[PDB]
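We begin with a single chain expressed as structure tokens, specifically the form deposited in one PDB entry.
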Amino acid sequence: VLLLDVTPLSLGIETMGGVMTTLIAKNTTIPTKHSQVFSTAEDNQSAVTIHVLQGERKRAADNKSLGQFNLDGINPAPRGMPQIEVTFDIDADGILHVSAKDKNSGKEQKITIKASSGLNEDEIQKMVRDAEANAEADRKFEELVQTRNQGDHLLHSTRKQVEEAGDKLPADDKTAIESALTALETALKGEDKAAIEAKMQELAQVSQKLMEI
């Protein structure tokens, strides 16, 4: 064949830290279908937002929003435990169906997105050019968010361990841990990945007795 229908830009969702995670790559022939299992960002999360995006940028905010829906009724559980199946299905008419199903509860929500939605030909070309021109910056942002997500999880897991230990943790140790947690919390708001990793290292240096507990 000399011609066929494609989806002209990557399609995906916003994930933890404001990144776009792709489900369907740009120039994939249609009809097409792809599913991926996701989970919760924090402990006791009973709802997730499925924010549908079109584009090639690593920052979710830089892509074209196609729509969004919430999936509620998730049984509150530790982060990473729920299995949320997200499915992207584009029919032969270019109509996009996006669904999210929580495997444990069976709860499901879906949205239909019209073929005319999204970016036009000129906006597509500009999206591709802008993604190429900002390739190093988008990769640096992606690396920052991955370090931020680990730091955020370290903040929660350490705070949980401190309350669990209580009296078992000596005063000198708890003091140092709390001081390192504040320094880590501050670094996480910044955009220097090495500064966050360094605060994570400093926290590990004062958490040795908390780890034995």
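In case it trips you up, residue 1 is the first one in the sequence shown, and so on.
For the segment pair 10-18 and 195-203, the entry gives 195-203 the higher mean B-factor, averaged over Cα atoms. According to the PDB record, 159-167 carries the higher mean C-alpha B-factor of the two stretches 159-167 and 32-40. Among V48, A183, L53, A61, the highest C-alpha B-factor recorded in the PDB entry belongs to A183. Among the modelled residues of its chain, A187 has a C-alpha B-factor that falls in the middle third, as given in the PDB entry. In the deposited entry, the Cα temperature factor of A135 places it in the highest third of its chain's modelled residues. Sorting the modelled residues of the chain by their CA temperature factor places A100 in the lowest third. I113: CA B factor lies in the lowest third for its chain, per the PDB record.
In the PDB entry, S65 places in the lowest third of its chain by CA B-factor.
Not on display, but discussed next: the form deposited in another entry.
Of the listed residues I124, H156, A180, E142, only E142 lies at a hinge between rigid parts moving between this form and the one not shown; the rest are more than 12 positions from any hinge.
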